[PDB]
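Q: Chains as they are written, first to last, in the deposited numbering: chain G, 5 to 244; chain J, 2 to 240; chain A, 348 to 433; chain I, 2 to 251; chain K, 8 to 127, 134 to 241; chain S, 1 to 213; chain H, 3 to 234; chain M, 5 to 244; chain L, 4 to 241. In this text, a Cβ means the ideal position worked out from N, Cα and C, and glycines have one as well.
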């Protein structure tokens, strides 16, 4: 099935399977980060946790969440080396978009760029395939809520309930029958299920300082980085 | 461009795929030549023609100038590149220094170009060799050789190709200084050489002759039977 | 460069060395000889000797077949001992 | 980083380029072509690769492509890898027309393509061309010119050519029926028809499974003629019918 | 284990270069001698067949006016270095108006000796013997393929190299004259030549301030042959 | 627009003696009606045995002098010796021809100890042409200088002219006398005069001053 | 970067390209795809089914038309599909600049397969496993074309791609005869969609584009449920 | 075999050992640390002296970028000078386009782009050098950051590198991140580094100091070791 | 030994054997000892050759007025960085018309040798330079290695058994900072002659000497220049 250097580079097997980027699928589990995303009717929620080695860990560098523009923001998983560079590439694509085009970005074409970028790097195996997973939200008129996730395989897909990571198989499988059905989605309802899906694998109910939770609703379209005060207000609101 | 090592120096004293590419010349057809003060001659065999079609375009001897004759061995592709490259050289030496090309100037180009063609990476050496036959200016003759490493050397007579030691051993009769006192003796010398070299004969034999300023001429399969008649009859005359 | 003369003197008392046969003449002509072939190198004189009826051998006899037998057997095989352990 | 390439350019322990052998096998697999003697005309014959009857076949000639108005070429090998050389040589013959405003003698044109065909061989360890193609046409000097391309760089041109392992059995038939002028275009039609009858294993020698083309010299037309299937049907039917009259020796 | 062709050795040094240093041992034999009257030299043409033309094979070339050179092993690559260095000798005459010094041929050749690299191409197996006479008198110089330069009163290359220098160490002295250097060297030359001595076997290369060039001329070498 | 060619002043006088050489240049740097610096010697020593003069644009002479001395260490680290006077003149000509498209406006005179110790005087032009002369006078004061140098030094324009070589100090006091009468018109020649005395042992420098009014 | 660009995919001892054989294996293991050229226009169907209920057909599409009058389908991976589509959109302007007119069907297949065959000899990777189906309507007679990784393209009325491409085509050989209409082409498109079904007859499990001589028409799944509900 | 050879080729575990080989190569380096109080950031490095080896003060691992920012490196010394010089001249680009101090958080992004890109390409390799980045300003504040051969941009209030690392930074938690005054924390960390990083193995060693903060008014230089001799003025009595 | 393939691949211990193999050729060079006092510096090297009549190749060669150097490693690459060193000497001699402090210049040599260590197909350069230099702050003695790690020292050595010189140096070299030029020279051969095998000289033409200072310009000293250095001492006790 392997001829020469095939095992170490990217070509197609007898079945046409890639050997290198399937290692990139297990390249996400470094650090044990789990990011879940629940997009409601008028809102979209992101939830992620962190690991703290000791008290010297800085609270300013805690945030793993990234913000594309004032309207739209991102969340990354896997090795942080590929995530910080791929986010800076999203900064370059968004700044060049507003420059030459001069209007709002659908966030769909940004995910088209990153999907082709990670694919072009998957093409030639002499540069690192960049197996980091790209997850965003979106805000656009007349389309309601927008959430898009650019996978390292080179394609972009995202919807109301979508997530990627190590333990997302369990949680999202529960979110299959849990989300719909008929269930209507408010602000505190989408954030609640964002906690319950974390309570499926973990159920630690730890203080809000550990989670990194973004949320964006459409009243003022600008996304805001959350403060632990309002999450603590939602933590006592989810305890019955 | 394209970076890679063509061949590397082995402690055995020579490269691998270059000096072993001499076998590509060694497996080629038999080719010889004889310089002369009156007429210069050469020869080639193993044409492998179908005899039912037109073989005139597979001819193994071309001319940069009417006074310059190109005799090569090995595969045809690298030979055609040697043709066109030497055509650029003979034409550049036609533009500059209008008089025709000297043999030392064309051998230096062909040999050293192939050498610098073996030097830079991403360039595979030619699998061919060649030997020049013609007449130098002011009536002097010429013959030289070419090497895969691009070294040129002048012999008294040209014996190369398949069975180079066999034809050179047959040159024992060619070592005579009386050869050739006349053009008929020169063609009779090539007749005895072509009969001995190598598998032959009667069809695949291909040659030509040039005398002084007169342009080279390729005889039809008519006088070739006449030279083969008197050469085969000479064995009956030697009894 | 030297010990080949002893590998050519392993044939010293062999045969009867013709008075004009010279070691250094052949010893300087054979790089990377090991001992194997160059023992038969002096031996392949007796090969063509018996074949050509030659009563004893002259150094010119085998060195004709030596430059052959080195090249003829170095055409396909250089026996890259340096490569074996590298 | 030097161990990744397979050294297709670099010489081989066999004393010759090793990839050229597998190149001659690439053209020597499924490729079926031939040539006919040229007397006041010439024709071409090949094998249609398509066994599916639902296909449209709206492209007219399948395996034969027209490089010039008065000169075309047969091709055998990978389709698109040959199609790259079709437009390439078409542009080389076009830049010659862009130069002299006059057609191109095939001699220097074939040697030019041979200098292009050696590009993948002589540098970079590139994959050599897996396509070997024929040549037909007419010139002011030698009249009808029928040439042949080789992967080794030679132009093997003959007025009767062979392409493919199955067509290698026709060479004995080519020299058995061999004549010169003598042969009419019609005689070459029955000659190539019996070539396919001996070589091609198709029962009854179906006319729609093999490609046939012709050429004529007209003033100043010199038309390269693509033929309808009507005359080929009756040709091969009249051919094996003449063979039914050729078995009367018993 | 072929790695990069540029890889070092654990001993160590460049793999491919040292392999070509051993390749020098199969070249022709040439011995230069430094003498106050002039720098002489000679080489064996190594006739490969009685058909060989004598003037076609020369192992000694002339770089500058008074500067000579010799070749070893592979030829055409060195022959390119010959005329390419001559361009630098003419560019030396451009600004400096005079002949290039024999010691500066080291900087004109050995500096560019091996520039080879995979990107932006392969080393050489030829060692050069630099003869000449500069403003300070006769100078005999020698360089290796790797570019390392050393000044030698007598230097031998090719096959007889180790054997010729080992034998010539005794016969050489500071008082050696020109004619004595020529006739005492051909004793070693006739020992290191396989073929019987003739006019086509060996050629002489000499450089003198008052007699030149010279080089050397034929039919005089035969007069030295009868003086064997 | 901006004119890169402008004359900053300066004057060159070089006399080649038998075993010596006498080079002189004015220290006055004058462009237009303003005097920039009263000491600006245009004669610098490339080596201990050679002193070159400078004229025309200022920065071009300083750049050219530093480039010549920059190549001296290259030849020094190459052949383990300094450059000969004739080699400096030819190399300078090749440097001046490299700019032949858009060259400097400069006039130089090279002088010092040659192989035999004689003085050297070379006539230079921006295009890099030159030859060996006995005496040359640069600058704008060359009007009446050259005819008088053809008289005393050149030995011409004389009735029944005997020819005798000139001593060391005779040409010295001659240079002091000629620049007094040559400063009556040209405004570039005046103030302090830099004198360079080239001898077999070494090269010496002195200064002679004129009224500043 | 490196910039090797060597040809490393080479000839097998049989003369073929083993890597392209792996490419056609990726096409053979591809999603079921079919299209039908009959009479007025061409119909495209194939299949798209999400890995779970979390995805919808309203945003991401497996079928994106190359032009308003020219649609396209394919088999294999989507990321490389949108790559060659991106090059197809760019190449469409290189044509339109000189012509200032729309483009014939086969005119795309010529230059796309040339770049694809160039990408074989070129270094890096190859055409991969994406086998594109090009269709369109020009000169009154529409067309349906398909190429392979090696660049070999053929013309026909209808074909099956992906998995079970031989079985579905043998079913289309008996069903399709003479000529068919757009409604009949969609009808037997439901038949070849019911071959590997899975998701036939349901609007959200398939997407139906249709080419016409008036230009290509891409209908939402709503019209897919209109014609087929009620299927056949 | 040999999945770890090329940096652009993954391994069955989902990473590249070239980064891992460079990680533990930094572990052989001596002490490289940093700590930031409210008033500044303290730096120190322990020099290992094999024999003499040479004069005092030569080729110290403590380097400098701008007046407000400096380098404390680890691992290979030459490539440390390399990335030090690259970040050294990089501040001149921000100083040329703008003219004020370069933010250290986004200055580490440049080194993140350099180190990550060198892990991307197969031709080049990853650098086996890590280092510490710290600074303080009146308009900025105290920011300490840590970059390793993997190209991770992150920071702590204090951190350690070398053989003794986690054991060296453990007791550092006694020193507060804010309330402490880094002027006195000089000798406070000096007692830790003197006791930790056991010198019984190699008896010959040396200690360097540096600082940056408000007392020097945003100036990064070496707080004098020859003045007050604060290093061993205390720590000699700390181990007994 | 597939982990030693290229400089790109790191050893299982996180090292590169290519640099280690280049350190071998540095140690295979001749024994040479540079040194400096508080005022003036002296550097001594060893000339060798192939055969008897072959002239001993010179090691110490002039670079800048205040810069003397030793050498070892490949002479072709030595002259490559030697002419490149001349390009560095003309930098400040042209722009600033004054020489270059050697500390920042050797750091640029480190960045010059950094690129051949990183990219594929590029090799390090064996360098035996012992660099003496003078800015206004006094002498500098810098060792050179393919790893481009330089030590500013009062003395050091590179070559065969060059550590035995340092063992004889330390207690003596602490008092060698006080001494003036003359004895500071023969302290160099008080190293070399111990690093040389005890069965042979230590001749006139096999030794290289040079002296440089803040107010003194560097010059190559050999042959007759070694006359005061050889006399005045005694042979080593057997």
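Using beta-carbon positions only, say whether residue 60/G and residue 163/M come within less than 8 Å of one another.
A: yes
Q: I need the straight-line Cα distance from residue 78/I to residue 86/I, nearest angstrom please.
A: 11 Å
Q: Is there at least one Cβ from chain L nearer than 8 Å to residue 191/M's Cβ?
A: Answer no: the Cβ-Cβ gap between residue 191/M and chain L never drops below 8 Å.
Q: So if I threshold CB-CB distances at 9 Å, which residues from the stretch 357 to 390 of chain A count as touching chain K?
A: From the stretch 357 to 390 of chain A, only 371, 372, 375, 376, 378 and 379 have a Cβ closer than 9 Å to chain K.
Q: Name the DSSP bridge partner or partners of residue 151/K?
A: 146/K
Q: Starting from residue 123/G, trace the alpha helix (DSSP H) both ways and give me its first and last residue.
A: 112 to 127
Q: Along the stretch 78 to 106 of chain L, where does the CB come closer than 9 Å to a CB of chain S? Name the residues.
A: 85, 86, 89, 92, 93, 96, 97 and 100
Q: Alpha carbon to alpha carbon, how far is residue 126/K from residue 5/J?
A: Their backbone Cα atoms lie some 9 Å apart in a straight line.
Q: Using CA coordinates, which residue listed in 179/H, 209/H, 213/H and 214/H is at the minimum distance from residue 230/H?
A: 209/H
Q: Along the stretch 5 to 31 of chain H, where does the CB come closer than 8 Å to a CB of chain I? Name the residues.
A: 6, 7, 8, 9, 10, 11, 12, 13, 14, 15, 16, 17 and 18
Q: By Cβ distance, which residues of its chain are closer than 6 Å to residue 233/H, with the 5 residues on each side in sequence left out?
A: 192 and 203
Q: Residues of chain M with CB under 9 Å from residue 13/G, in chain order?
A: 10, 12 and 13
Q: What residue ranges within the stretch 18 to 53 of chain G form continuous beta strand (DSSP E) runs of no fewer than 3 residues, ordered along the chain?
A: Fully enclosed beta strand (DSSP E) runs of 3 or longer: 38 to 43 and 47 to 52.
Q: Looking at residue 25/G: is its Cβ nearer than 8 Å to the Cβ of residue 156/G?
A: yes
Q: Counting only beta-carbon separations shorter than 8 Å, does residue 3/I have a partner in chain K?
A: Answer yes: the Cβ-Cβ gap between residue 3/I and chain K drops below 8 Å somewhere.
Q: In its own chain, which residues sit with a C-beta less than 6 Å from the C-beta of residue 3/J, not counting the 5 before and 5 after it?
A: 123
Q: Using a Cβ cut-off of 7 Å, pull out every chain K residue sitting near residue 60/L, in sequence order please.
A: 163
Q: Using CA atoms only, rank isn't needed, just tell me which of 194/S, 183/S and 106/S is closest to residue 61/S.
A: 106/S
Q: Please report the Cβ distance between residue 158/J and residue 35/J, rounded to the nearest whole angstrom; I am assuming they are in contact, meaning their Cβ atoms lie under 8 Å.
A: 5 Å
Q: Determine, using beta carbons only, whether residue 28/J comes closer than 8 Å to chain I.
A: The beta carbon of residue 28/J sits closer than 8 Å to some beta carbon of chain I.
Q: Am I right that residue 145/K and residue 73/K are in contact with their C-beta atoms under 8 Å? What's the rounded C-beta distance?
A: With 8 Å as the limit, residue 145/K and residue 73/K qualify as a contact, their Cβ atoms being about 5 Å apart.
Q: Please state if the CB of residue 220/G and the CB of residue 198/G are separated by a distance shorter than 8 Å.
A: no
Q: What is the rounded straight-line gap between the Cα of residue 159/K and the Cα of residue 110/L?
A: 28 Å
Q: Alpha carbon to alpha carbon, what distance is there between residue 108/L and residue 109/S?
A: 37 Å
Q: Of all the options 202/G, 112/G and 118/G, which has the alpha carbon lying nearest to the alpha carbon of residue 87/G?
A: 118/G
Q: List the endpoints of the continuous alpha helix (DSSP H) containing residue 120/L.
A: 118 to 121
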